[PDB]
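> Before we start, here is the structure in question, set down as structure tokens.
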Amino acid sequence: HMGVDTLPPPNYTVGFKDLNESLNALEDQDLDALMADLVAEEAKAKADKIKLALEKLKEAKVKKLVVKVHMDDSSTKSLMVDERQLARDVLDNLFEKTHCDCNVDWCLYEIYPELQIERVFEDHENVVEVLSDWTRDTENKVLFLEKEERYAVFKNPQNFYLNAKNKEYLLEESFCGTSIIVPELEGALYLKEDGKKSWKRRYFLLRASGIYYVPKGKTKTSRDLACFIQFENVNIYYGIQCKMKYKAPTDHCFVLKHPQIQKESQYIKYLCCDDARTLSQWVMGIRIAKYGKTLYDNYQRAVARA
């Protein structure tokens, strides 16, 4: 019932040289906002140099991180992020700084350059929590960009649960109820074998708790199917260049990985779809499954800011 293991059996700045460079990278109002919290022309260059040193003598309390966020146009922004802040808050901060259009597609996006995987942050996720799993010498980056797939189901619920008013009923039925209705989603995918550049086609089914399969005949798709993986154990990511790197049949790949793992590992599960549409279906479906009603709330909170 538990399925495959996603783990083997039983930092203060991210994107900067040291705590100094990160604080030197803060905007004016932000540096002053930190000073306000921390306590309880040539003169500017020296006064803000002392604010730095004063601030650098400030530990305990609500723990803080300075996070470099990478923008569309290759610029960056350094944000103060304490451990109570969700992606929703960091987003709200980025909407103020950038004066963007505040559409629902804007999101934080993590990239793992070594593992070549990437995913949206969900808006309810604790930013510090996510970044804590990263190593000291990490290549990982946080991006601010538009991903119009992130709330696909809420814009077009008919495209996943296989008119303005009917969409409403579908979502209310699917989300605004006693329990979440996960899309009826089943099909063949290619599962990468542990530690090998080889892939096997298996028939898989989406359930609220995880991905399930038909073991070996066992009455085909009956109701005594086995558990491949539970969603509580993993985040879902896009896999990049799985074709070239692992001989994946296609480049339409998702990756299921425990947050903690930061290196090539056989506990990381790679799945390959036949086309881009099947990938889209599975990613949205697994996200609906894992996050349920929270995802719907995330959507509603975003539409309010639009």
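The chains in the structure tokens are called A, B, ... from first to last as shown; in each chain the residues are counted from 1, and the ligands are counted from 1 in the order shown.
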Residues near residue A:18, anyone? I mean within 12 Å using only C-alpha atoms, not counting same-chain ones fewer than 2 positions away, as a VMD selection string.

chain A and resid 11 to 16 20 to 25 56 65 to 67 136 to 137

> For the helix (DSSP H, G or I) assignment from backbone DSSP, which residues of stretch 101-292 of chain A qualify? Please present them as number ranges by chain.

A: 127-132, 152-155, 157-159, 164-174, 231-233, 242-246, 276-291

> Please produce an output containing N, CA and C atoms for each residue in the selection, written as a short mmCIF file (atom, residue, chain, number, x, y, z; two decimals), in the first residue's frame.


data_model
loop_
_atom_site.label_atom_id
_atom_site.label_comp_id
_atom_site.auth_asym_id
_atom_site.auth_seq_id
_atom_site.Cartn_x
_atom_site.Cartn_y
_atom_site.Cartn_z
N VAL A 127 9.01 28.88 1.33
CA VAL A 127 10.17 29.08 0.47
C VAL A 127 11.45 28.58 1.13
N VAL A 128 11.64 28.95 2.40
CA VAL A 128 12.82 28.57 3.17
C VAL A 128 12.91 27.04 3.28
N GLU A 129 11.78 26.42 3.60
CA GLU A 129 11.65 24.96 3.66
C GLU A 129 12.18 24.28 2.39
N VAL A 130 11.80 24.81 1.22
CA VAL A 130 12.20 24.24 -0.08
C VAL A 130 13.70 24.41 -0.31
N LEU A 131 14.21 25.58 0.05
CA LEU A 131 15.60 25.95 -0.18
C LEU A 131 16.55 25.32 0.83
N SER A 132 16.01 24.84 1.95
CA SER A 132 16.82 24.24 3.02
C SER A 132 17.46 22.93 2.56
N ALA A 152 -3.89 25.38 -15.46
CA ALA A 152 -4.61 24.92 -16.64
C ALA A 152 -5.99 24.39 -16.28
N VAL A 153 -6.04 23.50 -15.28
CA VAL A 153 -7.30 22.86 -14.88
C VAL A 153 -8.39 23.86 -14.49
N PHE A 154 -7.98 25.00 -13.91
CA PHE A 154 -8.93 25.99 -13.40
C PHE A 154 -9.43 26.93 -14.48
N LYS A 155 -8.64 27.07 -15.56
CA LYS A 155 -9.05 27.84 -16.73
C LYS A 155 -9.91 26.97 -17.66
N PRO A 157 -11.20 23.25 -17.18
CA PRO A 157 -11.40 21.95 -16.50
C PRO A 157 -11.86 20.81 -17.41
N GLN A 158 -12.48 21.15 -18.54
CA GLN A 158 -12.96 20.17 -19.52
C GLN A 158 -11.80 19.44 -20.20
N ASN A 159 -10.63 20.08 -20.26
CA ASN A 159 -9.45 19.50 -20.90
C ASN A 159 -8.77 18.43 -20.06
N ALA A 164 -18.86 29.16 -19.58
CA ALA A 164 -18.56 29.82 -18.32
C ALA A 164 -19.20 29.10 -17.13
N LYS A 165 -20.47 28.74 -17.28
CA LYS A 165 -21.26 28.14 -16.21
C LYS A 165 -20.89 26.68 -15.94
N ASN A 166 -20.62 25.93 -17.01
CA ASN A 166 -20.34 24.50 -16.90
C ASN A 166 -18.98 24.24 -16.27
N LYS A 167 -18.00 25.07 -16.64
CA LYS A 167 -16.68 25.09 -16.01
C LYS A 167 -16.80 25.26 -14.49
N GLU A 168 -17.68 26.17 -14.08
CA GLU A 168 -17.96 26.45 -12.68
C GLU A 168 -18.44 25.19 -11.96
N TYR A 169 -19.44 24.52 -12.54
CA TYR A 169 -20.03 23.29 -11.98
C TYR A 169 -18.98 22.19 -11.82
N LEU A 170 -18.16 22.05 -12.86
CA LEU A 170 -17.11 21.04 -12.95
C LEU A 170 -16.12 21.21 -11.79
N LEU A 171 -15.67 22.46 -11.60
CA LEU A 171 -14.72 22.82 -10.56
C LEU A 171 -15.33 22.71 -9.17
N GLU A 172 -16.53 23.28 -8.99
CA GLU A 172 -17.28 23.13 -7.75
C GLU A 172 -17.42 21.65 -7.40
N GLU A 173 -17.86 20.85 -8.37
CA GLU A 173 -17.99 19.39 -8.21
C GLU A 173 -16.65 18.76 -7.84
N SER A 174 -15.61 19.17 -8.56
CA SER A 174 -14.31 18.52 -8.47
C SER A 174 -13.49 18.98 -7.27
N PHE A 231 2.21 10.11 -3.41
CA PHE A 231 2.51 11.51 -3.71
C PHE A 231 3.04 12.29 -2.51
N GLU A 232 2.66 11.87 -1.30
CA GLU A 232 3.17 12.48 -0.07
C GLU A 232 4.70 12.43 -0.03
N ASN A 233 5.28 11.43 -0.68
CA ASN A 233 6.72 11.19 -0.66
C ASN A 233 7.52 12.08 -1.62
N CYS A 242 16.05 13.98 -21.28
CA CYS A 242 16.06 12.59 -20.84
C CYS A 242 16.32 11.65 -22.02
N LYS A 243 15.97 12.12 -23.22
CA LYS A 243 16.19 11.39 -24.46
C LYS A 243 17.70 11.20 -24.67
N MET A 244 18.43 12.31 -24.75
CA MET A 244 19.88 12.28 -24.95
C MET A 244 20.60 11.59 -23.78
N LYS A 245 20.22 11.95 -22.56
CA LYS A 245 20.97 11.58 -21.36
C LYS A 245 20.74 10.14 -20.90
N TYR A 246 19.50 9.65 -21.03
CA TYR A 246 19.12 8.33 -20.51
C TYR A 246 18.49 7.40 -21.55
N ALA A 276 3.39 15.46 -25.91
CA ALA A 276 3.33 16.60 -25.01
C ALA A 276 1.99 16.68 -24.26
N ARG A 277 0.92 16.22 -24.90
CA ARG A 277 -0.42 16.28 -24.30
C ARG A 277 -0.53 15.31 -23.11
N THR A 278 0.06 14.13 -23.24
CA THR A 278 0.02 13.15 -22.17
C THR A 278 0.84 13.65 -20.97
N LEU A 279 1.97 14.30 -21.25
CA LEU A 279 2.76 14.91 -20.19
C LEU A 279 1.93 15.94 -19.43
N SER A 280 1.30 16.85 -20.17
CA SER A 280 0.48 17.91 -19.60
C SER A 280 -0.62 17.34 -18.71
N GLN A 281 -1.26 16.27 -19.18
CA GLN A 281 -2.35 15.62 -18.46
C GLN A 281 -1.84 15.08 -17.12
N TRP A 282 -0.69 14.42 -17.14
CA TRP A 282 -0.19 13.72 -15.96
C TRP A 282 0.33 14.69 -14.91
N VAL A 283 0.97 15.77 -15.38
CA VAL A 283 1.54 16.75 -14.48
C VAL A 283 0.41 17.47 -13.74
N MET A 284 -0.58 17.95 -14.49
CA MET A 284 -1.75 18.62 -13.91
C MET A 284 -2.51 17.67 -12.97
N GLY A 285 -2.65 16.41 -13.39
CA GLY A 285 -3.38 15.42 -12.61
C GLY A 285 -2.69 15.06 -11.30
N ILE A 286 -1.37 14.86 -11.37
CA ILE A 286 -0.59 14.54 -10.19
C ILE A 286 -0.58 15.75 -9.23
N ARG A 287 -0.57 16.96 -9.79
CA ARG A 287 -0.57 18.15 -8.95
C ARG A 287 -1.91 18.27 -8.22
N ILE A 288 -3.01 18.07 -8.96
CA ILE A 288 -4.36 18.05 -8.39
C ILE A 288 -4.44 17.02 -7.25
N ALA A 289 -3.88 15.83 -7.49
CA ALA A 289 -3.88 14.75 -6.52
C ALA A 289 -3.12 15.14 -5.25
N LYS A 290 -1.89 15.62 -5.43
CA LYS A 290 -0.98 15.90 -4.32
C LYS A 290 -1.46 17.06 -3.46
N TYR A 291 -2.03 18.09 -4.09
CA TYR A 291 -2.31 19.38 -3.44
C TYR A 291 -3.80 19.63 -3.22
#

> Residues of stretch 17-76 of chain A that approach stretch 80-91 of chain A to 12 Å or less, counting only C-alpha atoms: could you list each one with the shortest pair of atoms and its distance in Å to one decimal, rows by chain and increasing residue number, as JSON lines?


{"residue": "A:19", "atom": "CA", "partner": "A:80", "partner_atom": "CA", "distance": 11.7}
{"residue": "A:22", "atom": "CA", "partner": "A:80", "partner_atom": "CA", "distance": 9.3}
{"residue": "A:23", "atom": "CA", "partner": "A:80", "partner_atom": "CA", "distance": 8.8}
{"residue": "A:24", "atom": "CA", "partner": "A:80", "partner_atom": "CA", "distance": 11.8}
{"residue": "A:25", "atom": "CA", "partner": "A:80", "partner_atom": "CA", "distance": 10.3}
{"residue": "A:26", "atom": "CA", "partner": "A:80", "partner_atom": "CA", "distance": 7.9}
{"residue": "A:27", "atom": "CA", "partner": "A:80", "partner_atom": "CA", "distance": 10.0}
{"residue": "A:29", "atom": "CA", "partner": "A:80", "partner_atom": "CA", "distance": 11.2}
{"residue": "A:30", "atom": "CA", "partner": "A:80", "partner_atom": "CA", "distance": 7.4}
{"residue": "A:31", "atom": "CA", "partner": "A:80", "partner_atom": "CA", "distance": 8.7}
{"residue": "A:32", "atom": "CA", "partner": "A:80", "partner_atom": "CA", "distance": 11.2}
{"residue": "A:33", "atom": "CA", "partner": "A:80", "partner_atom": "CA", "distance": 9.3}
{"residue": "A:34", "atom": "CA", "partner": "A:80", "partner_atom": "CA", "distance": 7.8}
{"residue": "A:35", "atom": "CA", "partner": "A:80", "partner_atom": "CA", "distance": 11.5}
{"residue": "A:37", "atom": "CA", "partner": "A:82", "partner_atom": "CA", "distance": 11.0}
{"residue": "A:38", "atom": "CA", "partner": "A:82", "partner_atom": "CA", "distance": 11.7}
{"residue": "A:60", "atom": "CA", "partner": "A:82", "partner_atom": "CA", "distance": 11.8}
{"residue": "A:61", "atom": "CA", "partner": "A:82", "partner_atom": "CA", "distance": 10.0}
{"residue": "A:62", "atom": "CA", "partner": "A:82", "partner_atom": "CA", "distance": 6.5}
{"residue": "A:63", "atom": "CA", "partner": "A:82", "partner_atom": "CA", "distance": 5.6}
{"residue": "A:64", "atom": "CA", "partner": "A:82", "partner_atom": "CA", "distance": 4.0}
{"residue": "A:65", "atom": "CA", "partner": "A:81", "partner_atom": "CA", "distance": 5.2}
{"residue": "A:66", "atom": "CA", "partner": "A:80", "partner_atom": "CA", "distance": 4.8}
{"residue": "A:67", "atom": "CA", "partner": "A:80", "partner_atom": "CA", "distance": 6.6}
{"residue": "A:68", "atom": "CA", "partner": "A:80", "partner_atom": "CA", "distance": 9.3}
{"residue": "A:69", "atom": "CA", "partner": "A:90", "partner_atom": "CA", "distance": 9.9}

> At most 12 Å is the cut-off: for each residue in stretch 170-283 of chain A with any atom that close to an atom of stretch 106-124 of chain A, write down the nearest atom pair and the distance in Å rounded to one decimal, counting only C-alpha atoms, chain first then increasing number, as a tab-separated table.


residue	atom	partner	partner_atom	distance
A:235	CA	A:119	CA	8.6
A:236	CA	A:119	CA	7.1
A:237	CA	A:119	CA	4.7
A:238	CA	A:118	CA	5.4
A:239	CA	A:117	CA	4.7
A:240	CA	A:116	CA	5.3
A:241	CA	A:116	CA	7.5
A:242	CA	A:116	CA	8.7
A:244	CA	A:116	CA	11.9
A:245	CA	A:116	CA	9.9
A:246	CA	A:116	CA	11.8
A:253	CA	A:117	CA	9.7
A:254	CA	A:117	CA	8.5
A:255	CA	A:117	CA	7.4
A:256	CA	A:117	CA	9.9
A:257	CA	A:117	CA	9.7
A:259	CA	A:119	CA	11.5
A:261	CA	A:115	CA	10.0
A:262	CA	A:115	CA	7.6
A:263	CA	A:115	CA	6.6
A:264	CA	A:115	CA	6.5
A:265	CA	A:115	CA	9.5
A:268	CA	A:115	CA	10.1
A:269	CA	A:117	CA	11.7
A:270	CA	A:117	CA	10.4
A:283	CA	A:119	CA	10.1

> Filtering to N, CA and C atoms, could you give me those residues as a PDB file, in the first residue's frame?


ATOM      1  N   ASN A 235       7.902  15.391  -4.813  1.00  0.00           N
ATOM      2  CA  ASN A 235       7.490  16.466  -5.699  1.00  0.00           C
ATOM      3  C   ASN A 235       7.586  15.970  -7.138  1.00  0.00           C
ATOM      4  N   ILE A 236       6.762  16.553  -8.006  1.00  0.00           N
ATOM      5  CA  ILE A 236       6.811  16.270  -9.441  1.00  0.00           C
ATOM      6  C   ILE A 236       7.515  17.419 -10.161  1.00  0.00           C
ATOM      7  N   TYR A 237       8.411  17.061 -11.082  1.00  0.00           N
ATOM      8  CA  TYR A 237       9.211  18.001 -11.890  1.00  0.00           C
ATOM      9  C   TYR A 237       9.158  17.600 -13.363  1.00  0.00           C
ATOM     10  N   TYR A 238       9.469  18.541 -14.255  1.00  0.00           N
ATOM     11  CA  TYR A 238       9.807  18.194 -15.636  1.00  0.00           C
ATOM     12  C   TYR A 238      11.240  17.690 -15.655  1.00  0.00           C
ATOM     13  N   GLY A 239      11.483  16.617 -16.406  1.00  0.00           N
ATOM     14  CA  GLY A 239      12.836  16.169 -16.746  1.00  0.00           C
ATOM     15  C   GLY A 239      13.257  16.730 -18.093  1.00  0.00           C
ATOM     16  N   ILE A 240      14.452  17.316 -18.129  1.00  0.00           N
ATOM     17  CA  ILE A 240      15.013  17.897 -19.355  1.00  0.00           C
ATOM     18  C   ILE A 240      16.022  16.925 -19.964  1.00  0.00           C
ATOM     19  N   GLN A 241      16.051  16.862 -21.299  1.00  0.00           N
ATOM     20  CA  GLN A 241      17.031  16.069 -22.055  1.00  0.00           C
ATOM     21  C   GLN A 241      17.172  14.648 -21.507  1.00  0.00           C
ATOM     22  N   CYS A 242      16.048  13.981 -21.279  1.00  0.00           N
ATOM     23  CA  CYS A 242      16.056  12.587 -20.839  1.00  0.00           C
ATOM     24  C   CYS A 242      16.324  11.650 -22.016  1.00  0.00           C
ATOM     25  N   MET A 244      18.429  12.307 -24.754  1.00  0.00           N
ATOM     26  CA  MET A 244      19.878  12.284 -24.946  1.00  0.00           C
ATOM     27  C   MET A 244      20.598  11.593 -23.785  1.00  0.00           C
ATOM     28  N   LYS A 245      20.217  11.950 -22.561  1.00  0.00           N
ATOM     29  CA  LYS A 245      20.971  11.577 -21.362  1.00  0.00           C
ATOM     30  C   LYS A 245      20.735  10.137 -20.901  1.00  0.00           C
ATOM     31  N   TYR A 246      19.500   9.652 -21.030  1.00  0.00           N
ATOM     32  CA  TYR A 246      19.119   8.332 -20.510  1.00  0.00           C
ATOM     33  C   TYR A 246      18.493   7.404 -21.551  1.00  0.00           C
ATOM     34  N   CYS A 253       8.920  14.123 -20.464  1.00  0.00           N
ATOM     35  CA  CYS A 253       9.197  13.386 -19.237  1.00  0.00           C
ATOM     36  C   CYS A 253       8.859  14.164 -17.974  1.00  0.00           C
ATOM     37  N   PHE A 254       8.243  13.480 -17.014  1.00  0.00           N
ATOM     38  CA  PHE A 254       8.160  13.993 -15.658  1.00  0.00           C
ATOM     39  C   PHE A 254       9.016  13.154 -14.707  1.00  0.00           C
ATOM     40  N   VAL A 255       9.415  13.772 -13.598  1.00  0.00           N
ATOM     41  CA  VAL A 255      10.302  13.162 -12.609  1.00  0.00           C
ATOM     42  C   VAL A 255       9.658  13.276 -11.224  1.00  0.00           C
ATOM     43  N   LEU A 256       9.572  12.149 -10.525  1.00  0.00           N
ATOM     44  CA  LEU A 256       9.121  12.095  -9.137  1.00  0.00           C
ATOM     45  C   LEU A 256      10.342  11.901  -8.229  1.00  0.00           C
ATOM     46  N   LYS A 257      10.567  12.862  -7.334  1.00  0.00           N
ATOM     47  CA  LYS A 257      11.780  12.936  -6.502  1.00  0.00           C
ATOM     48  C   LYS A 257      11.406  13.501  -5.140  1.00  0.00           C
ATOM     49  N   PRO A 259      11.923  15.752  -2.012  1.00  0.00           N
ATOM     50  CA  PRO A 259      12.574  17.075  -1.889  1.00  0.00           C
ATOM     51  C   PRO A 259      14.067  17.050  -1.479  1.00  0.00           C
ATOM     52  N   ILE A 261      16.600  14.862  -1.980  1.00  0.00           N
ATOM     53  CA  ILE A 261      17.608  14.348  -2.910  1.00  0.00           C
ATOM     54  C   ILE A 261      18.056  15.454  -3.869  1.00  0.00           C
ATOM     55  N   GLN A 262      19.378  15.635  -3.969  1.00  0.00           N
ATOM     56  CA  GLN A 262      19.991  16.708  -4.752  1.00  0.00           C
ATOM     57  C   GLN A 262      21.030  16.192  -5.747  1.00  0.00           C
ATOM     58  N   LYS A 263      21.118  14.870  -5.886  1.00  0.00           N
ATOM     59  CA  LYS A 263      22.139  14.226  -6.724  1.00  0.00           C
ATOM     60  C   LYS A 263      21.554  13.014  -7.434  1.00  0.00           C
ATOM     61  N   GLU A 264      22.190  12.609  -8.539  1.00  0.00           N
ATOM     62  CA  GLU A 264      21.779  11.423  -9.297  1.00  0.00           C
ATOM     63  C   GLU A 264      21.607  10.254  -8.339  1.00  0.00           C
ATOM     64  N   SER A 265      20.419   9.661  -8.376  1.00  0.00           N
ATOM     65  CA  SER A 265      19.993   8.653  -7.422  1.00  0.00           C
ATOM     66  C   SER A 265      18.911   7.786  -8.062  1.00  0.00           C
ATOM     67  N   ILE A 268      15.059   8.357  -7.449  1.00  0.00           N
ATOM     68  CA  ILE A 268      14.411   9.298  -8.360  1.00  0.00           C
ATOM     69  C   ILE A 268      13.752   8.488  -9.485  1.00  0.00           C
ATOM     70  N   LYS A 269      12.451   8.686  -9.668  1.00  0.00           N
ATOM     71  CA  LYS A 269      11.704   7.976 -10.702  1.00  0.00           C
ATOM     72  C   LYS A 269      11.475   8.876 -11.908  1.00  0.00           C
ATOM     73  N   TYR A 270      11.830   8.359 -13.081  1.00  0.00           N
ATOM     74  CA  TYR A 270      11.670   9.067 -14.350  1.00  0.00           C
ATOM     75  C   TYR A 270      10.598   8.371 -15.183  1.00  0.00           C
ATOM     76  N   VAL A 283       0.969  15.767 -15.379  1.00  0.00           N
ATOM     77  CA  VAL A 283       1.545  16.750 -14.479  1.00  0.00           C
ATOM     78  C   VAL A 283       0.414  17.468 -13.739  1.00  0.00           C
TER      79      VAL A 283
END

> I'd like to know which residues of stretch 79-219 of chain A are strand (DSSP E or B) (by DSSP, run on the backbone); could you write them as a ChimeraX atom specification?

/A:79-82,86,106-112,117-120,126,141-146,186-192,199-206,210-213

> How would the residues just picked look written out with N, CA and C atoms as a compact mmCIF listing (two decimals), in the first residue's frame?


# COMPACT_ATOMS: atom_id res chain seq x y z
N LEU A 79 15.86 39.33 -2.47
CA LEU A 79 14.73 39.46 -1.56
C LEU A 79 15.10 38.90 -0.20
N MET A 80 14.68 39.62 0.85
CA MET A 80 14.67 39.11 2.21
C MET A 80 13.46 38.18 2.35
N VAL A 81 13.72 36.95 2.81
CA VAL A 81 12.69 35.93 2.96
C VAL A 81 12.91 35.22 4.30
N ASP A 82 11.99 35.45 5.24
CA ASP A 82 12.02 34.75 6.51
C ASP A 82 11.21 33.45 6.41
N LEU A 86 5.50 32.30 2.51
CA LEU A 86 5.11 31.36 1.46
C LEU A 86 5.45 31.98 0.10
N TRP A 106 2.16 34.00 -13.40
CA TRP A 106 3.39 34.37 -12.69
C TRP A 106 3.59 33.42 -11.50
N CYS A 107 4.81 32.92 -11.33
CA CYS A 107 5.11 31.93 -10.29
C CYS A 107 6.60 31.93 -10.00
N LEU A 108 6.99 31.37 -8.86
CA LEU A 108 8.37 30.98 -8.60
C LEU A 108 8.59 29.63 -9.25
N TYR A 109 9.81 29.40 -9.74
CA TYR A 109 10.16 28.23 -10.54
C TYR A 109 11.58 27.80 -10.15
N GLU A 110 11.72 26.58 -9.66
CA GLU A 110 13.03 26.09 -9.28
C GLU A 110 13.63 25.24 -10.40
N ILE A 111 14.92 25.42 -10.62
CA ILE A 111 15.67 24.69 -11.62
C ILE A 111 16.85 24.00 -10.93
N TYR A 112 17.06 22.72 -11.29
CA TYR A 112 18.18 21.90 -10.82
C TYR A 112 19.11 21.64 -12.01
N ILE A 117 16.22 18.98 -13.85
CA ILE A 117 14.81 18.93 -13.53
C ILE A 117 14.37 20.32 -13.07
N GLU A 118 13.07 20.59 -13.19
CA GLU A 118 12.53 21.89 -12.84
C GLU A 118 11.02 21.79 -12.54
N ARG A 119 10.52 22.69 -11.70
CA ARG A 119 9.09 22.69 -11.35
C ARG A 119 8.66 24.04 -10.83
N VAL A 120 7.37 24.33 -10.97
CA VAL A 120 6.77 25.47 -10.30
C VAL A 120 6.78 25.20 -8.79
N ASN A 126 6.29 26.84 1.65
CA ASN A 126 7.25 27.61 2.43
C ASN A 126 8.58 27.67 1.68
N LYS A 141 18.64 27.33 -8.90
CA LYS A 141 18.22 28.72 -9.03
C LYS A 141 16.70 28.84 -8.86
N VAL A 142 16.27 29.99 -8.36
CA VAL A 142 14.85 30.34 -8.29
C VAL A 142 14.56 31.38 -9.37
N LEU A 143 13.59 31.09 -10.24
CA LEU A 143 13.18 32.00 -11.31
C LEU A 143 11.79 32.57 -11.05
N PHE A 144 11.57 33.79 -11.53
CA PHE A 144 10.25 34.42 -11.61
C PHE A 144 9.88 34.51 -13.09
N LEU A 145 8.87 33.75 -13.49
CA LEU A 145 8.42 33.70 -14.89
C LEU A 145 6.97 33.20 -14.96
N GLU A 146 6.39 33.29 -16.15
CA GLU A 146 5.03 32.86 -16.42
C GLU A 146 5.02 31.39 -16.82
N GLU A 186 -5.60 7.44 -16.99
CA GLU A 186 -4.87 6.18 -17.10
C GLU A 186 -4.30 6.06 -18.51
N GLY A 187 -3.20 5.32 -18.63
CA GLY A 187 -2.52 5.15 -19.89
C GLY A 187 -1.15 4.52 -19.70
N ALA A 188 -0.46 4.32 -20.81
CA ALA A 188 0.86 3.75 -20.77
C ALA A 188 1.88 4.88 -20.69
N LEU A 189 2.92 4.65 -19.90
CA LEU A 189 4.09 5.51 -19.80
C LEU A 189 5.33 4.63 -19.82
N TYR A 190 6.49 5.22 -20.13
CA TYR A 190 7.74 4.49 -20.04
C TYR A 190 8.40 4.83 -18.69
N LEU A 191 8.63 3.81 -17.87
CA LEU A 191 9.33 3.97 -16.61
C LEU A 191 10.79 3.60 -16.80
N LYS A 192 11.70 4.50 -16.42
CA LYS A 192 13.13 4.22 -16.44
C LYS A 192 13.46 3.19 -15.36
N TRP A 199 14.22 1.72 -20.58
CA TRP A 199 12.87 2.13 -20.23
C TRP A 199 11.87 1.03 -20.59
N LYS A 200 10.90 0.79 -19.71
CA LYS A 200 9.87 -0.24 -19.90
C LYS A 200 8.48 0.39 -19.91
N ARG A 201 7.67 0.03 -20.91
CA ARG A 201 6.29 0.51 -21.02
C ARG A 201 5.41 -0.22 -20.02
N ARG A 202 4.71 0.55 -19.19
CA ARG A 202 3.77 0.03 -18.20
C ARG A 202 2.49 0.87 -18.23
N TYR A 203 1.36 0.21 -17.96
CA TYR A 203 0.06 0.87 -17.87
C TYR A 203 -0.13 1.36 -16.43
N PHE A 204 -0.48 2.64 -16.28
CA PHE A 204 -0.55 3.32 -14.98
C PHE A 204 -1.88 4.05 -14.82
N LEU A 205 -2.31 4.18 -13.56
CA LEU A 205 -3.57 4.83 -13.22
C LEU A 205 -3.36 5.88 -12.13
N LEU A 206 -4.02 7.03 -12.30
CA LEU A 206 -3.95 8.13 -11.34
C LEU A 206 -4.98 7.92 -10.23
N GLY A 210 -1.74 8.34 -5.02
CA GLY A 210 -0.53 8.06 -5.81
C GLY A 210 -0.79 7.54 -7.22
N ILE A 211 0.27 7.01 -7.83
CA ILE A 211 0.20 6.28 -9.10
C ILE A 211 0.10 4.78 -8.80
N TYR A 212 -0.89 4.12 -9.42
CA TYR A 212 -1.12 2.68 -9.26
C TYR A 212 -1.02 1.98 -10.62
N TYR A 213 -0.71 0.68 -10.58
CA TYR A 213 -0.59 -0.17 -11.78
C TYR A 213 -1.22 -1.55 -11.58

> Under the rule that only C-alpha atoms are counted, which of A:181, A:99, A:49, A:138 is the nearest residue to residue A:17?

A:138

> Quick one: residues within 12 Å of residue A:216, only C-alpha atoms counted, chain neighbours fewer than 5 positions away excluded, as a list in words?

residues 202, 203, 221, 222, 224, 225 and 226 of chain A

> In Å, with one decimal, what is the gap from atom CA of residue A:58 to atom CA of residue A:75?

28.8 Å

> Smallest atom-to-atom distance to residue A:9: which of A:215, A:305, A:73, A:267, using only C-alpha atoms?

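Among the listed residues, the smallest separation from residue A:9 belongs to A:267.
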